Amino acid sequence: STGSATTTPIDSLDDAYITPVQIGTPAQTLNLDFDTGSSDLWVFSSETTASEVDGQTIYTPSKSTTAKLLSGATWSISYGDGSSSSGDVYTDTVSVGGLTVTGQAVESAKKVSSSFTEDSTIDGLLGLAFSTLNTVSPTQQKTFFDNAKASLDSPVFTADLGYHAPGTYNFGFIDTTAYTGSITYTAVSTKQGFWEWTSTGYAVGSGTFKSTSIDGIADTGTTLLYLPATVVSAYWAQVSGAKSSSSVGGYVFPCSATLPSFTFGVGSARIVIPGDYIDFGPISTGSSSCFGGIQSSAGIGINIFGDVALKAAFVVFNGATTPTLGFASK
């Protein structure tokens, strides 16, 4: 089998991407944030504390003829940024882009943090990291991808995120018309449950490439590119007036600037992030200070190849017995 679904930015800054997902019978379509950095499929629901729901579409398991309470199971997740959600669990039929999984654990939120309440466009998350990170207790549950894997033509999914435009998530096949040149594959460590890999270095603008190992995760659920302070300082030093602001919470730059590109290495290949992709606009409405799309990972504990990096590439998440990641230009 295969599936193919369009993913759409939630706003004009590409702060996140939402993908329609069919849950239950008859189908209830919710727009979920596909997150390769986590492993829970959770949704706003008829069980979510009313005061914490603000415009989201909810899943109502009592209206699904295929929903079953997973008796005794609960879940609770805290994301690296400080957001959180928790609740109980149903199994139900879940379809993405024509690909159907029966018996998928659908984690119904009883509580969500304010960031989720405030994101009216995101009806939940669909985790695509390794199932070892799934938070359901006492019986850990599998991701949609893991459940689908044996049925898929090939044990892969691909992320093709757009810059200020829709893109695509494919399951079970590699669309050879969707990228230019060749796909370069690189080794993955699953030791922390993430799609963790090692970049071979970077360049700033037209500058020389610095060969250096940068271990990080491919995380579609993170907006920006978070890299070591050395690398980030070298980038922003090439933008007149750029500075790190502790009051704002990162690097800012004058909105009058033209940003250089940023290149990252994948083996002997190179992915170029255009300067425009690194512009996240005024820090507040009307400000002439703009927020940077490359930020320091110091304090996070891990480097994160978020949407800023991933949307410059066609990315293959290869879930074969020995997983790998593939990157191509597009």
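Where both partners of a DSSP beta bridge lie in the chain, what percent of those bridges are antiparallel, to the nearest 5?
Percent antiparallel among DSSP bridges in the chain is about 85.
Need the C-alpha centroid separation for the range 105-125 versus the range 270-323, integer Å.
The range 105-125 and the range 270-323 have Cα centres spaced 23 Å from each other.
Between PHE173 and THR324, what is the label-to-label distance in nm when each label sits 7 Å out along the Cα-to-Cβ direction?
Distance between the two pseudo-spin positions: 2.2 nm.
Which one, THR143, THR177, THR220, has the greatest fluctuation when you compute a Gaussian network model over the chain with C-alpha springs under 10 angstrom?
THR177
State, to one decimal in nm, how far the label point of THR208 lies from the label point of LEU69, with both points 7 Å from Cα in the Cβ direction.
6.7
Identify which of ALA50, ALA129, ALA159 has the largest mean-square fluctuation in a Gaussian network model of the chain, with springs joining Cα atoms closer than 10 Å.
Answer for the Gaussian network model of the chain: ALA50.
Output the peptides 240-252, 108-120 sorted from most to least packed, where packing is the average of other Cβ atoms within 10 Å over each peptide's residues.
Listed from highest to lowest mean packing, they are 108-120, 240-252.
Where does each of 65-74, 275-284, 86-95 land if you order them by average Cβ count within 10 Å, highest first?
86-95, 275-284, 65-74
In debye, nearest 20, what is the charge dipole magnitude of the range 5-174 about its Cα centre with +1 on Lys and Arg Cβ and -1 on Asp and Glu Cβ, if you could check?
Once rounded to the nearest 20, the dipole reads 660 debye.
Just the C-alpha atoms of the chain: what Rg/Rh do they give, with Rh taken as the Kirkwood radius?
Reported Rg/Rh, Kirkwood definition of Rh: 0.97.
Taking the Cα of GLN238, stepping 7 Å toward and past its beta carbon, and measuring to each backbone N in the range 246-276: which are under 11 Å?
Only 259-264, 273-275 fall inside the zone, counting backbone N under 11 Å.
Looking only at Cα atoms, what is the convex hull volume of the range 175-330 per residue, in Å³?
Cα-based convex hull of the range 175-330, divided per residue, equals 122 Å³.
For the chain, modelled as a GNM with alpha-carbon contacts under 10 angstrom, which of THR223, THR139, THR60 fluctuates the most?
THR139
How big is the charge dipole of the range 68-167 about its Cα centre, in debye rounded to the nearest 20, if each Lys and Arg gets +1 on its Cβ and each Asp and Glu gets -1 on its Cβ?
Roughly 320 debye for the range 68-167.
Inverting the mean 1/r over all pairs of different Cα atoms, compute the Kirkwood radius of the range 5-174 and quote it in Å.
Here the Kirkwood hydrodynamic radius works out to 15.9 Å.
Could the peptides 300-308, 187-195 be put in order, highest first, of the mean number of other beta-carbon atoms found within 10 Å of their residues?
300-308, 187-195
Work the Kirkwood hydrodynamic radius out for the range 39-108: mean of 1/r over every pair of different alpha-carbon atoms, inverted, in Å.
13.0
If R₀ is 22 angstrom, what is the calculated FRET efficiency for the pair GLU118 and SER246, using the beta carbon separation as r and rounding to 0.05?
About 0.40, to the nearest 0.05.
Taking 7 Å along the Cα-to-C-beta vector as the label spot, tell me the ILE300-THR198 distance in nanometres, rounded to one decimal.
Here the answer is 2.0 nm between the modelled labels.
For the chain, what is the number of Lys pairs with C-alpha distance below 17 angstrom, counting only pairs 8 or more positions apart or on separate chains?
4
What number, in percent, do you get for the relative contact order of the chain if the mean sequence gap of Cα pairs under 8 Å and at least 6 apart is divided by its residue count?
Computed over the chain, the figure is 19 percent.
Restricting things to Cα coordinates, could you compute the convex hull volume per residue of the range 221-304 in Å³?
It comes to 108 Å³ per residue, whole-number rounded.
I need the calculated FRET efficiency for the pair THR25 and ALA165, taking r as the beta carbon distance and R₀ as 45 Å, to the nearest 0.05.
0.85
What is the distance in Å between the Cα centres of the range 209-258 and the range 1-75?
If we compute the Cα centre of each part, the gap is 32 Å.
Set the Förster distance to 35 Å, then compute FRET efficiency between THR60 and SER12 from the Cβ-Cβ distance, nearest 0.05.
Using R0 = 35 Å, I get an efficiency of 0.65.
Placing one identical point scatterer on every Cα of the range 124-181 and ignoring solvent, what is log10 I(q)/I(0) from the Debye formula at q = 0.16, 0.20, 0.23 Å⁻¹?
Computed log10 I(q)/I(0) values: -0.64, -0.86, -1.00.
Since every read-out is calculated from the coordinates, none of them should be taken as a lab result. Cβ atoms come from the backbone with ideal geometry, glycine included; neighbour counts cover every protein chain shown.
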